[PDB]
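For the sequence shown, counting from 1, position 117 maps to 122 in the working numbering; every step adds exactly one. The block underneath contains the structure these notes are about, expressed in structure tokens.
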Amino acid sequence: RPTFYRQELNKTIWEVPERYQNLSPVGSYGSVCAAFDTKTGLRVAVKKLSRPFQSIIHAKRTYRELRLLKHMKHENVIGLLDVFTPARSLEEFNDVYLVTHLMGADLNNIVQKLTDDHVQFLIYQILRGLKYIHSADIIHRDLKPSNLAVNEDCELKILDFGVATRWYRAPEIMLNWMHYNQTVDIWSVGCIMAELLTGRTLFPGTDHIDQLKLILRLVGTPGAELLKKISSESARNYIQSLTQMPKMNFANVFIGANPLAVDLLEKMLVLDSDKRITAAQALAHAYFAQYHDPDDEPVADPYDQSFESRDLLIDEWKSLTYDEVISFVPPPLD
Ligand SMILES: Nc1ccc2c(NC3CC3)nc(-c3ccccc3)nc2c1
Ligand SMILES: Nc1ccc2c(NC3CC3)nc(-c3ccccc3)nc2c1
């Protein structure tokens with residue numbers, strides 16, 4: 006066990022290993038401090054979870070967050086440098102702190118007027134991380150510029166938790182489809198890419214009804230092939246009742262963009278999610294010609310999501326979390 010030290014940071018009592026020095030609050034789910042990690046000489050983010058075990062729901066979320074972070078080992082996905090608690094046993098375990106690399110800024114923070122070459126590289130790395138995430142049978146579901154961290158070097162990582170979420174949300178989620186799949190995240194990337202190319206939010210809906218309206222304006226109203234797959238009578242009838250909007254020609258919307266970027270946008274922003282390009286397929290698209298390497302786009306180890314279907318007591322989730330803190334193995338130095 007390391008020596009721990011205590012301090013007050015903007016209302017909170019932080020108790021951290023001596024390893025982490027010069028804590029400096031950066032934002033407040035829980036709050037975050039920048040720190041110097043004396044073990045590596047790198048700046049790190051230390052996140053103290055707020056009330057991690059205060060309900061069955063908080064408790065399972067805490068476990069979920071730790072399981073996910075522990076799993077991610079990819080250059081374009083946030084990973085866990087450390088997890089620790091000041092507690093010496095399960096019985097006094099009440100606090101969890103998570104340590105990750107400190108990233109420069111978020112993609113929202115860097116959006117003024119982006120060059121096509123920057124767009125290629127940034128979207129490439131998003132798709133590379135998503136390939137990896139999706140290969141674990143995980144759906145991010147909340148991809149938006151504030152959940153993407155970027156270095157000054159333009160290196161990007163997808164974050165679990167860092168502008169309205171809805172603006173980036175696939176139409177099938179707004180419509181409450183229970184069986185939406187991983188291409189919801191490709192929809193989101195499409196929305197992000199469009200925004201990077203034009204400097205404007207592609208769909209700034211004021212709410213979900215407005216959001217779908219703006220969406221169908223561009224992608225047009227569902228064809229016969231999509232309608233016959235919609236299990237909800239009310240939703241199909243609603244969809245079918247709207248004024249028929251033809252799909253816009255994207256060349257006439259993203260005027261002057263690289264035609265390859267326009268073409269990839271066409272394959273991402275397909276209304277029918279069964280026809281949307283996957284992350285793995287997007288990577289091989291011609292737009293990423295100067296970056297794509299089929300031998301350096303790895304997939305993830307399988308991830309056991311079976312706890313998701315379990316209903317456990319608070320102390321059991323809390324105990325499973327403690328087990329995960331105890332079994333944590335630091336990533337290799339350098
Ligand atoms: N195989 C599929 C493909 C796309 C689907 C989709 N897409 C949303 C219209 C854009 N929506 C729905 C659905 C089902 C119940 C209630 C509301 C929506 N199902 C879909 C099934
Ligand atoms: N007359 C109707 C009948 C059904 C509807 C429905 N059905 C989905 C199963 C919930 N969803 C929506 C809607 C519209 C915009 C954004 C999100 C959802 N509108 C409906 C309007």
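For each residue, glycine too, the CB sits at the ideal point set by N, CA and C.
Whole-angstrom distance between residue j and residue i, CA atom to CA atom
i           : j           : result
residue 187 : residue 129 : 17 Å
residue 323 : residue 62  : 11 Å
residue 238 : residue 328 : 47 Å
residue 228 : residue 269 : 21 Å
residue 34  : residue 165 : 12 Å
residue 59  : residue 320 : 10 Å
residue 302 : residue 30  : 35 Å
residue 271 : residue 232 : 20 Å
residue 111 : residue 83  : 13 Å
residue 152 : residue 10  : 31 Å
residue 203 : residue 261 : 10 Å
residue 13  : residue 45  : 25 Å
residue 256 : residue 266 : 10 Å
residue 288 : residue 294 : 9 Å
residue 245 : residue 90  : 55 Å
residue 157 : residue 105 : 17 Å
residue 264 : residue 117 : 22 Å
residue 15  : residue 226 : 51 Å
residue 235 : residue 241 : 6 Å
residue 230 : residue 145 : 27 Å
residue 222 : residue 32  : 37 Å
residue 174 : residue 275 : 13 Å
residue 243 : residue 206 : 26 Å
residue 48  : residue 219 : 42 Å
residue 96  : residue 50  : 27 Å
residue 126 : residue 160 : 9 Å
residue 314 : residue 72  : 15 Å
residue 208 : residue 297 : 29 Å
residue 278 : residue 6   : 50 Å
residue 317 : residue 64  : 10 Å
residue 185 : residue 139 : 13 Å
residue 74  : residue 8   : 25 Å
residue 280 : residue 180 : 18 Å
residue 27  : residue 214 : 47 Å
residue 99  : residue 189 : 35 Å
residue 292 : residue 121 : 10 Å
Bridge-paired residues (DSSP) for residue i
i           : result
residue 153 : 163
residue 19  : 12
residue 37  : 32 and 52
residue 25  : 42
residue 207 : Residue 207 pairs with nothing; no bridge assigned.
residue 47  : 42
Beta-carbon proximity check, residue i vs residue j, cutoff 8 Å
i           : j           : result
residue 155 : residue 115 : yes
residue 79  : residue 137 : yes
residue 224 : residue 273 : no
residue 284 : residue 85  : no
residue 191 : residue 331 : no
residue 251 : residue 217 : no
residue 101 : residue 54  : yes
residue 210 : residue 172 : yes
residue 201 : residue 103 : no
residue 170 : residue 142 : no
residue 81  : residue 162 : yes
residue 326 : residue 17  : no
residue 42  : residue 24  : yes
residue 199 : residue 259 : yes
residue 39  : residue 107 : yes
residue 21  : residue 333 : no
residue 37  : residue 113 : no
Ligand 4 heavy atom lying under 7 Å from the CB of residue i
i           : result
residue 335 : Among the ligands modelled here, namely ligand 1 and ligand 2, ligand 4 does not occur.
In chain order, each alpha helix (DSSP H) run of at least 4 residues that lies wholly inside the stretch 220-306: 229-232, 238-246, 264-273 and 284-288
Under 6 Å, CB to nearest heavy atom of ligand 2: contacting residues: 179, 180, 181, 213, 214, 217, 237, 239, 240 and 243
Runs of beta strand (DSSP E) lying entirely within the stretch 80-139, each at least 3 residues, in chain order: 87-89 and 102-106
Ranges of the beta strand (DSSP E) found wholly within the stretch 168-200, counting only runs of at least 3: none
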